[PDB]
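Structure data (compact mmCIF, C-alpha atoms) from data_2.txt:
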```
# COMPACT_ATOMS: atom_id res chain seq x y z
CA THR A 351 81.04 103.85 98.36
CA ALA A 352 78.53 101.58 96.58
CA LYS A 353 81.18 99.59 94.67
CA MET A 354 83.38 99.35 97.77
CA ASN A 355 83.59 96.35 100.12
CA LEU A 356 83.64 98.04 103.57
CA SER A 357 83.63 94.60 105.11
CA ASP A 358 81.89 94.80 108.48
CA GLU A 359 82.55 97.86 110.62
CA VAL A 360 83.33 100.99 108.57
CA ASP A 361 80.63 103.40 109.71
CA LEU A 362 79.68 105.54 106.72
CA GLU A 363 78.20 108.47 108.67
CA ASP A 364 81.08 108.12 111.15
CA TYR A 365 83.24 110.37 108.94
CA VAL A 366 80.35 112.19 107.25
CA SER A 367 79.29 113.89 110.49
CA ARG A 368 82.68 115.62 110.69
CA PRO A 369 82.48 119.26 109.59
CA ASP A 370 85.19 118.60 107.02
CA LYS A 371 84.08 121.18 104.46
CA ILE A 372 84.62 119.17 101.27
CA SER A 373 83.96 119.13 97.52
CA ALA A 374 81.85 116.81 95.35
CA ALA A 375 85.05 115.32 93.91
CA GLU A 376 86.56 115.44 97.41
CA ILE A 377 84.30 112.58 98.50
CA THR A 378 85.34 110.65 95.39
CA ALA A 379 88.96 111.56 96.11
CA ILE A 380 88.72 110.23 99.68
CA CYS A 381 87.07 107.06 98.39
CA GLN A 382 89.77 106.43 95.78
CA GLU A 383 92.56 107.26 98.24
CA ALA A 384 91.20 104.72 100.72
CA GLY A 385 90.99 102.30 97.81
CA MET A 386 94.62 102.94 96.90
CA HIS A 387 95.72 102.55 100.52
CA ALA A 388 93.90 99.21 100.74
CA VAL A 389 95.48 98.16 97.44
CA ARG A 390 98.88 98.83 99.00
CA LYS A 391 97.54 96.85 101.97
CA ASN A 392 95.81 94.25 99.75
CA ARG A 393 92.58 94.33 101.76
CA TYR A 394 89.86 92.84 99.56
CA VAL A 395 87.45 94.93 101.66
CA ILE A 396 87.80 98.51 102.86
CA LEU A 397 88.85 98.22 106.49
CA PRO A 398 87.14 100.71 108.82
CA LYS A 399 90.57 102.15 109.67
CA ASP A 400 91.47 102.97 106.05
CA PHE A 401 88.56 105.40 106.14
CA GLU A 402 90.61 107.28 108.73
CA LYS A 403 93.73 107.34 106.56
CA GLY A 404 91.55 108.66 103.75
CA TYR A 405 89.40 111.34 105.38
CA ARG A 406 92.39 113.09 106.98
CA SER A 407 94.65 112.53 103.95
CA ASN A 408 92.25 114.20 101.51
CA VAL A 409 91.11 117.01 103.85
CA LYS A 410 94.79 118.02 104.35
CA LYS A 411 94.11 121.80 104.64
CA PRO A 412 96.46 124.03 106.74
CA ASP A 413 93.58 126.18 108.13
CA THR A 414 95.47 126.72 111.46
CA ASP A 415 92.32 128.42 112.90
CA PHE A 416 93.25 130.11 116.23
CA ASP A 417 90.83 129.06 119.04
CA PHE A 418 91.36 132.59 120.50
CA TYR A 419 88.63 133.95 118.15
CA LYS A 420 86.36 131.06 119.30
CA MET B 1 100.36 66.69 131.18
CA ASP B 2 103.37 69.02 131.05
CA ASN B 3 103.65 69.94 127.35
CA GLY B 4 101.26 72.91 127.54
CA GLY B 5 103.78 75.15 129.27
CA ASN B 6 106.50 74.32 126.75
CA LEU B 7 104.08 74.95 123.88
CA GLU B 8 103.00 78.36 125.19
CA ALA B 9 106.58 79.42 125.96
CA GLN B 10 107.79 78.38 122.50
CA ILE B 11 104.85 80.16 120.86
CA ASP B 12 105.67 83.32 122.83
CA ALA B 13 109.34 83.16 121.80
CA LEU B 14 108.42 82.65 118.15
CA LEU B 15 105.96 85.54 118.41
CA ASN B 16 108.71 87.79 119.77
CA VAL B 17 110.98 86.80 116.87
CA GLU B 18 108.08 87.38 114.48
CA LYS B 19 107.49 90.87 115.88
CA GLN B 20 111.20 91.65 115.54
CA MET B 21 111.30 90.52 111.90
CA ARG B 22 108.00 92.23 111.02
CA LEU B 23 109.23 95.53 112.45
CA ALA B 24 112.44 94.88 110.48
CA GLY B 25 110.38 94.41 107.31
CA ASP B 26 111.94 91.04 106.43
CA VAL B 27 109.36 89.07 104.46
CA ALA B 28 111.31 85.80 104.56
CA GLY B 29 112.01 85.95 108.30
CA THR B 30 108.43 86.75 109.26
CA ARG B 31 107.05 84.09 106.92
CA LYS B 32 109.43 81.46 108.30
CA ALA B 33 108.60 82.40 111.90
CA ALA B 34 104.87 82.12 111.21
CA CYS B 35 105.40 78.75 109.50
CA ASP B 36 107.39 77.59 112.53
CA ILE B 37 104.57 78.66 114.86
CA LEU B 38 102.04 76.78 112.72
CA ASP B 39 104.27 73.69 112.70
CA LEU B 40 104.60 73.80 116.49
CA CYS B 41 100.84 74.14 116.92
CA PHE B 42 100.08 71.32 114.46
CA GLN B 43 102.61 68.82 115.80
CA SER B 44 101.01 69.25 119.23
CA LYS B 45 97.54 68.59 117.72
CA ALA B 46 96.37 71.61 119.76
CA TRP B 47 93.80 72.71 117.20
CA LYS B 48 92.13 75.33 119.41
CA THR B 49 95.44 77.07 120.11
CA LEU B 50 96.31 76.78 116.41
CA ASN B 51 93.12 78.63 115.49
CA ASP B 52 93.64 81.24 118.21
CA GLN B 53 97.20 81.90 117.02
CA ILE B 54 96.06 82.11 113.40
CA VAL B 55 93.44 84.72 114.30
CA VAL B 56 95.88 86.67 116.49
CA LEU B 57 98.55 86.87 113.79
CA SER B 58 95.94 87.72 111.14
CA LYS B 59 94.62 90.62 113.24
CA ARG B 60 98.00 92.22 114.03
CA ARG B 61 98.64 95.83 113.03
CA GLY B 62 100.83 95.89 109.92
CA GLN B 63 101.22 92.22 109.02
CA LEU B 64 102.93 91.46 105.72
CA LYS B 65 100.90 89.94 102.89
CA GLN B 66 103.27 87.09 102.04
CA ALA B 67 103.59 85.79 105.60
CA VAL B 68 99.79 85.57 105.87
CA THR B 69 99.65 83.91 102.45
CA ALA B 70 102.09 81.22 103.56
CA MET B 71 100.24 80.76 106.85
CA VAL B 72 96.90 80.28 105.10
CA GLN B 73 98.34 77.93 102.47
CA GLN B 74 99.94 75.77 105.16
CA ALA B 75 96.73 75.83 107.22
CA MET B 76 94.80 74.57 104.19
CA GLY B 77 97.50 71.93 103.85
CA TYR B 78 96.71 70.89 107.42
CA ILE B 79 92.98 70.39 106.73
CA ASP B 80 93.28 66.90 105.24
CA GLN B 81 95.41 65.40 108.04
CA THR B 82 93.08 66.42 110.89
CA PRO B 83 91.14 63.55 112.53
CA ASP B 84 87.86 65.20 113.60
CA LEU B 85 85.10 66.51 111.35
CA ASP B 86 84.11 69.03 114.03
CA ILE B 87 87.72 70.22 114.11
CA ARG B 88 87.58 70.37 110.31
CA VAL B 89 84.56 72.67 110.45
CA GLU B 90 86.04 74.87 113.19
CA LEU B 91 89.40 75.22 111.41
CA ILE B 92 87.64 75.97 108.12
CA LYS B 93 85.51 78.65 109.78
CA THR B 94 88.59 80.23 111.36
CA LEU B 95 90.51 80.34 108.07
CA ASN B 96 87.45 81.72 106.26
CA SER B 97 87.01 84.46 108.86
CA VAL B 98 90.71 85.35 108.68
CA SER B 99 90.84 85.41 104.86
CA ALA B 100 87.67 87.48 104.41
CA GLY B 101 88.44 90.80 102.75
CA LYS B 102 92.02 89.84 101.78
CA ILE B 103 92.74 89.97 98.04
CA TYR B 104 95.84 87.76 98.17
CA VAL B 105 93.93 84.98 99.98
CA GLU B 106 90.70 84.88 97.96
CA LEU B 107 91.89 81.75 96.14
CA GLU B 108 92.41 79.96 99.45
CA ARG B 109 89.06 81.25 100.73
CA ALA B 110 87.23 79.98 97.63
CA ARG B 111 88.82 76.52 97.82
CA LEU B 112 88.11 76.42 101.56
CA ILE B 113 84.44 77.33 101.14
CA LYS B 114 84.05 74.78 98.34
CA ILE B 115 85.47 72.11 100.66
CA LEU B 116 83.09 73.19 103.43
CA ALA B 117 80.15 73.05 101.02
CA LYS B 118 81.18 69.52 100.06
CA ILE B 119 81.34 68.57 103.75
CA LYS B 120 77.89 70.05 104.41
CA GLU B 121 76.51 68.17 101.40
CA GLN B 122 77.94 64.96 102.85
CA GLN B 123 75.87 65.73 105.97
CA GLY B 124 72.71 66.21 103.89
CA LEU B 125 72.55 69.95 104.65
CA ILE B 126 72.17 70.90 101.00
CA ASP B 127 70.48 74.22 101.80
CA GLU B 128 73.26 75.29 104.18
CA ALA B 129 75.99 74.37 101.70
CA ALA B 130 74.28 76.24 98.86
CA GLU B 131 73.61 79.36 100.94
CA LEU B 132 77.15 79.42 102.35
CA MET B 133 78.99 78.86 99.07
CA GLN B 134 76.74 81.40 97.31
CA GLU B 135 78.42 84.14 99.36
CA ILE B 136 81.49 84.26 97.08
CA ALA B 137 81.59 86.37 93.91
CA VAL B 138 84.24 84.35 92.08
CA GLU B 139 83.49 86.42 88.97
CA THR B 140 85.63 89.23 90.40
CA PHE B 141 88.62 86.97 91.21
CA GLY B 142 90.82 87.89 88.27
CA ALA B 143 93.71 85.86 89.70
CA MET B 144 91.53 82.74 89.53
CA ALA B 145 91.77 80.26 86.66
CA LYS B 146 88.86 80.26 84.22
CA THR B 147 88.32 76.50 84.29
CA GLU B 148 87.87 76.33 88.06
CA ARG C 150 105.88 103.02 91.30
CA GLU C 151 102.46 102.15 92.70
CA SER C 152 101.38 105.56 91.36
CA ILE C 153 102.21 104.95 87.67
CA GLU C 154 103.71 101.52 86.92
CA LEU C 155 101.48 99.57 89.31
CA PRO C 156 98.47 100.68 87.20
CA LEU C 157 99.97 99.32 83.97
CA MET C 158 101.02 96.16 85.84
CA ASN C 159 97.54 94.82 86.71
CA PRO C 160 94.80 97.48 86.67
CA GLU C 161 92.41 94.55 87.17
CA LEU C 162 93.73 94.53 90.74
CA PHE C 163 92.49 98.09 91.31
CA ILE C 164 89.22 97.24 89.56
CA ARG C 165 88.66 94.31 91.92
CA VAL C 166 89.43 96.80 94.68
CA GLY C 167 86.52 98.89 93.42
CA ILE C 168 88.23 102.13 92.39
CA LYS C 169 89.69 103.27 89.11
CA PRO C 170 93.50 103.34 88.76
CA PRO C 171 95.28 106.62 89.51
CA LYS C 172 94.58 109.30 86.93
CA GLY C 173 97.53 111.66 87.36
CA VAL C 174 99.93 112.39 90.19
CA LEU C 175 101.75 115.68 90.68
CA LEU C 176 105.02 115.88 92.61
CA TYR C 177 105.28 118.40 95.44
CA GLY C 178 108.72 119.42 96.61
CA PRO C 179 110.50 122.50 97.94
CA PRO C 180 112.71 124.27 95.38
CA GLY C 181 115.95 122.46 94.65
CA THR C 182 114.48 119.18 95.87
CA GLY C 183 115.46 117.36 92.67
CA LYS C 184 112.08 115.85 91.84
CA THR C 185 113.04 116.07 88.16
CA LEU C 186 115.57 113.32 88.91
CA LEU C 187 112.66 111.13 90.03
CA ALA C 188 111.06 111.44 86.58
CA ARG C 189 114.40 110.99 84.81
CA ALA C 190 114.75 107.68 86.65
CA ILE C 191 111.12 106.68 86.08
CA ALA C 192 112.10 106.98 82.42
CA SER C 193 113.92 103.70 83.16
CA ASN C 194 110.70 101.65 82.90
CA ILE C 195 109.98 101.95 79.15
CA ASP C 196 112.60 104.34 77.69
CA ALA C 197 110.35 104.56 74.62
CA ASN C 198 106.92 104.72 76.28
CA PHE C 199 107.62 107.90 78.26
```
Could you render the structure as structure tokens?
Amino acid sequence: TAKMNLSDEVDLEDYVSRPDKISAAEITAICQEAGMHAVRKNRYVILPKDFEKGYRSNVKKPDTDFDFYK
Amino acid sequence: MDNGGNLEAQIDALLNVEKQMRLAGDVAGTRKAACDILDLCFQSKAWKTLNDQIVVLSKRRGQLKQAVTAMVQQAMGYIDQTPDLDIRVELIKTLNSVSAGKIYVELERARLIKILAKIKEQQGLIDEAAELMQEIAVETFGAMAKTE
Amino acid sequence: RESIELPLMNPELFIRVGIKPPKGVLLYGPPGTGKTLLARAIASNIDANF
């Protein structure tokens, strides 16, 4: 995220703390995807919401884990 | 002392039309509605309500780029005709806050901050003007003209 | 369009954003979806540079 804007409120650890088993390129993928979304939105800084559209967009895994097993 | 009610009612009606057009995705309609709202606010010289409306429209979920561009350009056009230097500073601060982090308004933000730095220099606050106008990285503004 | 032709349009825009332009996009679609038609049409942007 170093070369990102992340204007005022995007909490970096806010999405890191999620379990969100990811991959070293997966972080880069989420970053770029948020960047592309902002480009479509023309936000010269990464709005704290676009982090939401990114984290869930890139971690789109159909795990469908049943809570029955707990 | 009766124009305030008419102003607020007209602003609400224009906001409803703006919401309709924005949900419809019509760039021209939304832009024209926003320009009409700005014209109504200006003609009434209600600068505080003008700034409040600018912020409100800038912070709405899903606003179109071109409508905001037209709003900001017209607001900069309004800067010269205002009578009060304090109102100048307040309006400039509001536009700068709105335009921050918006690629398609960085030109307007840069011109606005240069004007504010000039105003601060006129007041003798050289340090404040320098520190404030230093905050822009114009290097990255590819859309900007080299000369300026 | 923003996936392929937007990059060639003004990649400096993406750079100012802070991310590199899209590298490569793959089309996902159930069988018989006709994605191939999408590419055949996208061929209508250069017609020699495809």
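Residue nearest residue 22 (chain B), chosen from B:63, B:147, B:51, B:10 and counting all atoms listed in the file: B:63.
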*Compute the chain C side of the contact with chain B at 8 Å, counting all atoms listed in the file, and hand it back as a list in words.*
residues 161, 162 and 165 of chain C
When you look at residue 376 (chain A) with a cut-off of 12 Å (counting all atoms listed in the file), what residues show up, excluding the ones that are within fewer than 6 positions of it in the same chain? I need them as a PDB file with C-alpha atoms, keeping the file's coordinate frame.
```pdb
ATOM      1  CA  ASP A 370      85.190 118.600 107.020  1.00  0.00           C
ATOM      2  CA  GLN A 382      89.770 106.430  95.780  1.00  0.00           C
ATOM      3  CA  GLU A 383      92.560 107.260  98.240  1.00  0.00           C
ATOM      4  CA  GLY A 404      91.550 108.660 103.750  1.00  0.00           C
ATOM      5  CA  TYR A 405      89.400 111.340 105.380  1.00  0.00           C
ATOM      6  CA  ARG A 406      92.390 113.090 106.980  1.00  0.00           C
ATOM      7  CA  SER A 407      94.650 112.530 103.950  1.00  0.00           C
ATOM      8  CA  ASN A 408      92.250 114.200 101.510  1.00  0.00           C
ATOM      9  CA  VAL A 409      91.110 117.010 103.850  1.00  0.00           C
ATOM     10  CA  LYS A 410      94.790 118.020 104.350  1.00  0.00           C
TER      11      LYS A 410
END
```
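The space separating CA of residue 15 (chain B) from CA of residue 113 (chain B) comes to 28.8 Å.
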*Could you list, as a list in words, the residues of chain B having an atom within 12 Å of chain A when counting all atoms listed in the file?*
residues 58, 59, 61, 62, 63, 64, 65, 66, 68, 69, 97, 98, 99, 100, 101, 102, 103, 104, 105, 106, 107, 109, 137, 140 and 141 of chain B
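With only C-alpha atoms taken into account, chain C has residues 163, 166, 167 and 168 of chain C at most 7 Å from chain A.
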Let's have the selection written as a short mmCIF file (atom, residue, chain, number, x, y, z; two decimals), keeping the file's coordinate frame, with C-alpha atoms.
```cif
data_model
loop_
_atom_site.label_atom_id
_atom_site.label_comp_id
_atom_site.auth_asym_id
_atom_site.auth_seq_id
_atom_site.Cartn_x
_atom_site.Cartn_y
_atom_site.Cartn_z
CA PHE C 163 92.49 98.09 91.31
CA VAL C 166 89.43 96.80 94.68
CA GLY C 167 86.52 98.89 93.42
CA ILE C 168 88.23 102.13 92.39
#
```
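Among A:380, A:387, A:363, A:420, the residue with the shortest atom-to-atom distance to residue 152 (chain C), counting all atoms listed in the file, is A:387.
Going from CA of residue 53 (chain B) to CA of residue 21 (chain B) covers 17.3 Å.
The interatomic distance for the pair CA of residue 110 (chain B) and CA of residue 52 (chain B) works out to 21.6 Å.
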*Using all atoms listed in the file, what residues lie at most 9 Å away from (94.8, 77.1, 106.4) (file coordinates), given as a list in words?*
residues 54, 70, 71, 72, 73, 74, 75, 76, 77, 78, 79, 91, 92, 94, 95, 96, 108 and 112 of chain B
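All residues of protein, DNA or RNA that reach within 8 Å of residue 399 (chain A), judged by all atoms listed in the file and not counting those fewer than 3 positions away in the chain, are residues 360, 402 and 403 of chain A.
Nearest to residue 151 (chain C) of all the residues C:177, C:199, C:170, C:190 is C:170, counting all atoms listed in the file.
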How big is the axis-aligned box around all listed atoms of region 155-168 of chain C once 6 Å goes on each side, and where's its centre, in Å to one decimal, as JSON?
```
{"center_x": 94.0, "center_y": 98.2, "center_z": 89.3, "size_x": 27.0, "size_y": 19.8, "size_z": 22.7}
```
Missing atoms in region 390-419 of chain A: fill them in up to N, CA and C atoms and send the result as a PDB file, in the frame of the given file.
```
ATOM      1  N   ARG A 390      97.555  99.007  98.414  1.00  0.00           N
ATOM      2  CA  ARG A 390      98.880  98.830  99.000  1.00  0.00           C
ATOM      3  C   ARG A 390      98.845  97.852 100.160  1.00  0.00           C
ATOM      4  N   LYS A 391      97.723  97.786 100.874  1.00  0.00           N
ATOM      5  CA  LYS A 391      97.540  96.850 101.970  1.00  0.00           C
ATOM      6  C   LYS A 391      96.889  95.543 101.534  1.00  0.00           C
ATOM      7  N   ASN A 392      96.427  95.462 100.287  1.00  0.00           N
ATOM      8  CA  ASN A 392      95.810  94.250  99.750  1.00  0.00           C
ATOM      9  C   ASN A 392      94.678  93.754 100.645  1.00  0.00           C
ATOM     10  N   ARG A 393      93.777  94.662 101.003  1.00  0.00           N
ATOM     11  CA  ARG A 393      92.580  94.330 101.760  1.00  0.00           C
ATOM     12  C   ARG A 393      91.413  94.255 100.784  1.00  0.00           C
ATOM     13  N   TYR A 394      90.946  93.039 100.507  1.00  0.00           N
ATOM     14  CA  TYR A 394      89.860  92.840  99.560  1.00  0.00           C
ATOM     15  C   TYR A 394      88.574  93.530  99.987  1.00  0.00           C
ATOM     16  N   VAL A 395      88.545  94.089 101.193  1.00  0.00           N
ATOM     17  CA  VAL A 395      87.450  94.930 101.660  1.00  0.00           C
ATOM     18  C   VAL A 395      88.057  96.171 102.284  1.00  0.00           C
ATOM     19  N   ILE A 396      87.301  97.267 102.285  1.00  0.00           N
ATOM     20  CA  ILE A 396      87.800  98.510 102.860  1.00  0.00           C
ATOM     21  C   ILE A 396      87.679  98.441 104.375  1.00  0.00           C
ATOM     22  N   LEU A 397      88.813  98.289 105.045  1.00  0.00           N
ATOM     23  CA  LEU A 397      88.850  98.220 106.490  1.00  0.00           C
ATOM     24  C   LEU A 397      88.373  99.525 107.100  1.00  0.00           C
ATOM     25  N   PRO A 398      87.649  99.467 108.221  1.00  0.00           N
ATOM     26  CA  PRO A 398      87.140 100.710 108.820  1.00  0.00           C
ATOM     27  C   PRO A 398      88.233 101.697 109.180  1.00  0.00           C
ATOM     28  N   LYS A 399      89.467 101.234 109.389  1.00  0.00           N
ATOM     29  CA  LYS A 399      90.570 102.150 109.670  1.00  0.00           C
ATOM     30  C   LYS A 399      91.004 102.922 108.433  1.00  0.00           C
ATOM     31  N   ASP A 400      91.030 102.281 107.262  1.00  0.00           N
ATOM     32  CA  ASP A 400      91.470 102.970 106.050  1.00  0.00           C
ATOM     33  C   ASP A 400      90.622 104.202 105.778  1.00  0.00           C
ATOM     34  N   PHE A 401      89.364 104.191 106.220  1.00  0.00           N
ATOM     35  CA  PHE A 401      88.560 105.400 106.140  1.00  0.00           C
ATOM     36  C   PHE A 401      89.224 106.549 106.879  1.00  0.00           C
ATOM     37  N   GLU A 402      89.890 106.247 107.996  1.00  0.00           N
ATOM     38  CA  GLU A 402      90.610 107.280 108.730  1.00  0.00           C
ATOM     39  C   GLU A 402      91.793 107.806 107.934  1.00  0.00           C
ATOM     40  N   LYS A 403      92.597 106.905 107.365  1.00  0.00           N
ATOM     41  CA  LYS A 403      93.730 107.340 106.560  1.00  0.00           C
ATOM     42  C   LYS A 403      93.277 108.137 105.345  1.00  0.00           C
ATOM     43  N   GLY A 404      92.045 107.914 104.888  1.00  0.00           N
ATOM     44  CA  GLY A 404      91.550 108.660 103.750  1.00  0.00           C
ATOM     45  C   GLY A 404      90.997 110.022 104.103  1.00  0.00           C
ATOM     46  N   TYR A 405      90.072 110.083 105.065  1.00  0.00           N
ATOM     47  CA  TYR A 405      89.400 111.340 105.380  1.00  0.00           C
ATOM     48  C   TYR A 405      90.403 112.431 105.748  1.00  0.00           C
ATOM     49  N   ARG A 406      91.381 112.108 106.593  1.00  0.00           N
ATOM     50  CA  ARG A 406      92.390 113.090 106.980  1.00  0.00           C
ATOM     51  C   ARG A 406      93.412 113.346 105.879  1.00  0.00           C
ATOM     52  N   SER A 407      93.719 112.345 105.054  1.00  0.00           N
ATOM     53  CA  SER A 407      94.650 112.530 103.950  1.00  0.00           C
ATOM     54  C   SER A 407      94.111 113.469 102.883  1.00  0.00           C
ATOM     55  N   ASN A 408      92.813 113.396 102.594  1.00  0.00           N
ATOM     56  CA  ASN A 408      92.250 114.200 101.510  1.00  0.00           C
ATOM     57  C   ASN A 408      91.851 115.586 101.993  1.00  0.00           C
ATOM     58  N   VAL A 409      91.467 115.687 103.269  1.00  0.00           N
ATOM     59  CA  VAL A 409      91.110 117.010 103.850  1.00  0.00           C
ATOM     60  C   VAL A 409      92.364 117.613 104.489  1.00  0.00           C
ATOM     61  N   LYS A 410      93.513 117.485 103.815  1.00  0.00           N
ATOM     62  CA  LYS A 410      94.790 118.020 104.350  1.00  0.00           C
ATOM     63  C   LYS A 410      94.867 119.523 104.071  1.00  0.00           C
ATOM     64  N   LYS A 411      94.110 120.322 104.826  1.00  0.00           N
ATOM     65  CA  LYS A 411      94.110 121.800 104.640  1.00  0.00           C
ATOM     66  C   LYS A 411      94.818 122.446 105.835  1.00  0.00           C
ATOM     67  N   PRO A 412      95.816 123.332 105.617  1.00  0.00           N
ATOM     68  CA  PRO A 412      96.460 124.030 106.740  1.00  0.00           C
ATOM     69  C   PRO A 412      95.648 125.264 107.155  1.00  0.00           C
ATOM     70  N   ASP A 413      94.439 125.050 107.688  1.00  0.00           N
ATOM     71  CA  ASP A 413      93.580 126.180 108.130  1.00  0.00           C
ATOM     72  C   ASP A 413      94.249 126.893 109.309  1.00  0.00           C
ATOM     73  N   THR A 414      94.787 126.132 110.271  1.00  0.00           N
ATOM     74  CA  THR A 414      95.470 126.720 111.460  1.00  0.00           C
ATOM     75  C   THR A 414      94.563 127.779 112.098  1.00  0.00           C
ATOM     76  N   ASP A 415      93.288 127.444 112.321  1.00  0.00           N
ATOM     77  CA  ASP A 415      92.320 128.420 112.900  1.00  0.00           C
ATOM     78  C   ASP A 415      92.631 128.598 114.394  1.00  0.00           C
ATOM     79  N   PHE A 416      92.952 129.829 114.804  1.00  0.00           N
ATOM     80  CA  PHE A 416      93.250 130.110 116.230  1.00  0.00           C
ATOM     81  C   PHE A 416      91.957 129.984 117.051  1.00  0.00           C
ATOM     82  N   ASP A 417      92.017 129.248 118.163  1.00  0.00           N
ATOM     83  CA  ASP A 417      90.830 129.060 119.040  1.00  0.00           C
ATOM     84  C   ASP A 417      90.589 130.339 119.852  1.00  0.00           C
ATOM     85  N   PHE A 418      91.508 131.307 119.775  1.00  0.00           N
ATOM     86  CA  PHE A 418      91.360 132.590 120.500  1.00  0.00           C
ATOM     87  C   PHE A 418      90.080 133.293 120.027  1.00  0.00           C
ATOM     88  N   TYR A 419      89.845 133.303 118.712  1.00  0.00           N
ATOM     89  CA  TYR A 419      88.630 133.950 118.150  1.00  0.00           C
ATOM     90  C   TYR A 419      87.387 133.202 118.618  1.00  0.00           C
TER      91      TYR A 419
END
```
